[PDB]
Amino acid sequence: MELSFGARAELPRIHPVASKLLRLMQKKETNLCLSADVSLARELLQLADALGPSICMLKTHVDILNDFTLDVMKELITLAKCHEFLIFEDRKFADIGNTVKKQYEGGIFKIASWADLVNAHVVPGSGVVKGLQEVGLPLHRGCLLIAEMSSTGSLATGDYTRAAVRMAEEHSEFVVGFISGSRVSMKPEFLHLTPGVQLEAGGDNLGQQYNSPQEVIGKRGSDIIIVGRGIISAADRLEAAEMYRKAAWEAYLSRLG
């Protein structure tokens, strides 16, 4: 009784942001999230424009953009609306609730004003979610909880992962899913997004480890692949994005049967 993305978008308990995402995934035949890990606004925007049709989501690290301004994020929103993808700021909120609400709403980045999705580590306990949701619920935003990590030595295992799932399922008015290496929740309303993905085997020299789209979508049951360098470092980033999209989409179709 695995449902398609389009049917999951209609589930009774679906969050509106998840529904919007699932609908555009189905419409565009993409379950690829581009990790736009660049330092220049122009490169960010040129990638978003060219790759927008191929992606369901663009994941940012706003704090590595040397020339960040709120206008850049307005331009990114225009592209997200045009090409139909969500913006996910990979901020990894990880503080007490009182602090994260200010980090989400305020400062120079004003993340909540432009990010459809953010993520949080669960290590502080559920106050991290409660603090974020005070800003994010009124702004109709969603959050992803980090249930597992791709890096060598990750401590997000075992009871830690189980705690992340419980925290999500108790905050389902705001939490729409997980960053994880596999399916961690059996509830189909929750999205599973998986980083540490490349077509070829390997890793990096700072603890990143890679698995293929077929492995993480098809065997491990995740929904969306998050891909940075496998695309970004390629010469033709559009063709690279298409190869990752086709890989992740077929793996989804073949699991769905």
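Throughout, rigid core stands for the largest set of C-alpha atoms superposing within 1.5 Å between the two forms. Each residue number is its position in the shown sequence, starting from 1.
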Stretch with larger C-alpha RMS deviation in 7 other deposited structures of this protein, core superposed, 174 to 182 versus 135 to 143: 135 to 143
Higher-B stretch (mean Cα B-factor, as the entry records it), 199 to 207 or 62 to 70: 199 to 207
161 to 169 versus 108 to 116 - greater average Cα B-factor per the deposited record: 161 to 169
Options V123, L139, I87, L144 - largest CA temperature factor per the record: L139
Assigned third (lowest, middle, highest) for the C-alpha B factor of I179: lowest
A80 - Cα temperature factor, lowest/middle/highest third of chain: middle
Where the record places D223 (Cα B-factor, split into thirds across the chain): lowest
Cα B factor band for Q26 (lowest, middle or highest third within the chain): highest
Chain third (lowest, middle, highest) by recorded CA B-factor, residue given as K130: highest
